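What follows is a short report on a single structure.
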Amino acid sequence: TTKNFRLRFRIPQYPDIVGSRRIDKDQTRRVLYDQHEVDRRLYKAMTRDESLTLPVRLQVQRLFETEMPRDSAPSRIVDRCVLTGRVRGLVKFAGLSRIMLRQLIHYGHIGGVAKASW
Amino acid sequence: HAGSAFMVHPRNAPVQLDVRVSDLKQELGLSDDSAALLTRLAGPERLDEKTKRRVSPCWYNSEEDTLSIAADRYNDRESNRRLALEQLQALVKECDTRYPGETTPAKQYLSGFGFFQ
Amino acid sequence: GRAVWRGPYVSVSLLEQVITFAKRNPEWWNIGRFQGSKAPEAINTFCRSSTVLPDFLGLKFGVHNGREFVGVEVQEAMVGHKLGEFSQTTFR
Amino acid sequence: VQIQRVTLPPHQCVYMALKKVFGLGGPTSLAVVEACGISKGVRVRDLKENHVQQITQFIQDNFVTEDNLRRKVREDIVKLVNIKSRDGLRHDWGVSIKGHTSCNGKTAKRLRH
Amino acid sequence: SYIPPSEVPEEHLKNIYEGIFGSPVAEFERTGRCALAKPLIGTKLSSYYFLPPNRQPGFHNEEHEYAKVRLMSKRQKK
RNA sequence: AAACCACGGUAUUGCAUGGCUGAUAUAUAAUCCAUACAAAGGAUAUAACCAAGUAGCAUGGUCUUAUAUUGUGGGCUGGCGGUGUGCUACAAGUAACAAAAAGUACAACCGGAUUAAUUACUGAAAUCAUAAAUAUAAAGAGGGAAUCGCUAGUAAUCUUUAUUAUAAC
Ligand SMILES: [K+]
Ligand SMILES: [K+]
Ligand SMILES: [K+]
Ligand SMILES: [Mg+2]
Ligand SMILES: [Mg+2]
Ligand SMILES: [Mg+2]
Ligand SMILES: [Mg+2]
Ligand SMILES: [Mg+2]
Ligand SMILES: [Mg+2]
Ligand SMILES: [Mg+2]
Ligand SMILES: [Mg+2]
Ligand SMILES: [Mg+2]
Ligand SMILES: [Mg+2]
Ligand SMILES: [Mg+2]
Ligand SMILES: [Mg+2]
């Protein structure tokens, strides 16, 4: 029957194969947001434009639900580690979790980043 | 930079235009009133205290007697130069019209074109 | 709360439910509701974040609380509040 | 000197003394005295009968005072209780209306209505 | 009448300046310009994850090869 | 969603394991901060008994089409008691307000908790988020047995920055 293999990475910089969880669904949301980004911005401007009458702005408000899915909302998107998919402990400037980042730094696989003391 | 083949650096597009007021007055024969009005329109540079980033497209420096214009509206280096040159001509046209002065070959050349406006 | 100049918020799904209800019972909607007759039926909804409007008067709402639809009949004193303030989710 | 049946201390400034009225505070008391032509340098013992009458008339026309203010607040709370909203139940139970108060909710417990 | 350049209203100077270089956007306006003045980040969000193709033409799938060795290294199931 | 297929699992055993970490901490240093117009003090590194800890990740055994993958609302914040780590205060006016009438108010008008009405801001959505302002103006007058930190630019006290849609004590 059908199969859906877990997303895993085999890289020479790490002695073990690295597995991840739940990156496909978050990618689907990011694509949908880009799909409806233009229309969302137009309706945001109209609903916060005081020169328009309230009866017209109320009708525009209903377009946020009838003309686009709820999963295109930018507030429902989270940043996961690109290698493991973990949400908590993420280091944004590198895109990796603190667990993976620390080990890679020790072996010089992150450009310019080294231990500090002062 | 290492990522040149994957993304265009955002700082390639901006351009700046500088002109010395004393030379500009001599070339176009601007009167004293016209020069004074031009300086007032420009004014000193304004930098936001939150980031210390210049936010004034046009400003005047008294120590160097220089009028500067910054153009970064578009993504192309050349398109910003075309924008900056047009804006400089607009300022000259406004100041000259209010306070007409001497006539010079440069002023006659621009007048025939119409200041490209 | 929501800025007053931006108007009240009401869900599109809730409005469609009321519109269907009015079509089913035109006589009560036009006349009966004002005399004081009770609604012939109830409307179940999940819209706990919608505001109660003056136009919702004499209607019976079954508001979901996680397990069942708790009945809520709209009174004049309830206008301006959310439907979720009259349907309790926790029990002691 | 008594305004709204509240005794004002004689040695205190007028704008400071008026804060003792239920329904007037610092900012509002200062407005009342200045509206009547009294600055911050005038003390209660320096007032005359005409000055007191002007203050009393001004307050009654512009502000809601002790007894009417207390009634208005209570009626607001009672309406919530009868509506049976989330806040109304909390008022009836005698506990705070905040989300997480299982660790520190003592003040609302001793100030029940 | 002759108006000296030093006695021109600031309002007229501002209109000339903004008519040429544009009108800035204030912190809290209700004209609907703040939404349209923000940059779009549709592409930046959708190119965040490291998702190389499962099968690269001309190369072996090391993850697929890794799985096969694991199955052979232990006893079969059922 | 993958075809001489590499199904999935936040299911279980940390007493079957890898990796990583808590746990003795003096002394020393071709290391770092600072230094160039006279100086002081720190940081980092230095092999563990403890079957100590481990649904991030990887792994042997056992279990499971599905103990998988998904939609809407609800819960993790829950009317009660105990208590750890912090912030804000009060005895002690060396306080409080402040743009000095070389001052102003008061004599804990010191303290700023709780609740009512109102408005702004972010967001598709704000009763159960935040801020401001008006009214309201609570406990607290230095705290039992007991107990913690530190020995000089240190304790104490004050301001600011960063991680960082809105949201730090
Ligand atoms: K704290
Ligand atoms: K104590
Ligand atoms: K210190
Ligand atoms: Mg008072
Ligand atoms: Mg599960
Ligand atoms: Mg162990
Ligand atoms: Mg053990
Ligand atoms: Mg331990
Ligand atoms: Mg355990
Ligand atoms: Mg859900
Ligand atoms: Mg928790
Ligand atoms: Mg004191
Ligand atoms: Mg005070
Ligand atoms: Mg004292
Ligand atoms: Mg007391």
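FYI the Cβ positions are ideal-geometry reconstructions off the backbone, even for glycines, and counts take in every protein chain you see. None of the figures in this text is laboratory data; all of them are computed from the coordinates on show.
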Any residue in the range C:34-55 that is touching a residue at least 40 places away in the same chain (Cβ under 8 Å) sitting within a Cβ distance under 9 Å of a residue that is part of a helix (DSSP H, G or I)? List the pairs, counting only those 6 or more apart or interchain. C:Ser49/C:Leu83; C:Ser49/C:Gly84; C:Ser50/C:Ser13; C:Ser50/C:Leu14; C:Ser50/C:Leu15; C:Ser50/C:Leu83; C:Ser50/C:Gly84; C:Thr51/C:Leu83
Inspect all residues belonging to the range B:50-61 and state whether any of them is buried (at least 16 other Cβ atoms within 10 Å of the Cβ) and either more than 29 Å from E:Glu11 (Cα to Cα) or in contact (Cβ under 8 Å) with a residue 40 or more places away in the chain (or both). no
Quick one: which of A:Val38, A:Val82, A:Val31 is part of a loop (DSSP other than H, G, I, E, B) and out of contact with any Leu (no Cβ under 6 Å at 6 or more places or on another chain)? A:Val82
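To keep it simple, each residue is scored yes or no on (1) more than 9 Å from RNA strand F (Cβ to nearest atom); (2) in contact with a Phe, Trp or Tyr (Cβ under 8 Å, 6 or more places away or on another chain); (3) aromatic (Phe, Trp, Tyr); (4) within 14 Å of chain C (Cβ to nearest Cβ).
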| residue | (1), (2), (3), (4) |
| --- | --- |
| D:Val1 | yes, no, no, no |
| D:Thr7 | yes, no, no, no |
| D:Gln12 | no, no, no, no |
| D:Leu18 | no, no, no, no |
| D:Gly23 | no, yes, no, no |
| D:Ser39 | yes, no, no, no |
Search the range C:65-84 for residues that are among the charged types (D, E, K, R) and pair each with any residue that is part of a loop (DSSP other than H, G, I, E, B) when their beta-carbon atoms are under 7 Å apart and the residues are at least 6 apart or on different chains. C:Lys82/C:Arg48; C:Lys82/C:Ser49; C:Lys82/C:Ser50
Would you point out the residue of the range E:59-78, among those that are more than 6 Å from RNA strand F (Cβ to nearest atom) and among the charged types (D, E, K, R), that is surrounded by the most Cβ atoms within 10 Å (Cβ to Cβ)? E:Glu62
Within the range A:11-31, does at least one residue satisfy the condition of being at the interface with another protein chain (Cβ under 9 Å from one of its Cβ atoms) and aromatic (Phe, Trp, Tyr)? no
Given the conditions (1) more than 9 Å from chain E (Cβ to nearest Cβ); (2) near RNA strand F (Cβ under 9 Å from one of its atoms); (3) free of Cβ contacts under 8 Å to residues at least 40 places away in the same chain; (4) among the aliphatic types (A, V, I, L, M), every one holds for A:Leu58 apart from (2)
Can you list the helices (runs of 4 or more DSSP H) found entirely within the range D:1-86 that contain at least 2 residues being more than 19 Å from the chain's Cα centre (by Cα), without any contact (Cβ under 8 Å) to a residue 12 or more places away in the chain and more than 16 Å from ligand 4 (Cβ to nearest atom)? D:49-62, D:66-83
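Considering only residues of the range E:34-47 that are facing chain A (nearest Cβ under 7 Å) and surrounded by 12 or more Cβ atoms within 10 Å (Cβ to Cβ), which is farthest from B:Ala90 (Cα to Cα)?
Selected residue: E:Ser46.
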Of the conditions (1) over 17 Å from B:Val55 (Cα atoms); (2) more than 7 Å from every other protein chain (Cβ to nearest Cβ); (3) not aliphatic (A, V, I, L, M), E:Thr31 satisfies every one except a single condition; which number is it? (2)
Please identify the pairs in which a residue from the range C:1-30 that is within 11 Å of chain A (Cβ to nearest Cβ) and within 27 Å of A:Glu50 (Cα to Cα) has its Cβ atom under 6 Å from the Cβ atom of a residue that is among the acidic types (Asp, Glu) and more than 16 Å from ligand 4 (Cβ to nearest atom), counting only partners at least 6 apart or on another chain. C:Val12/A:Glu65
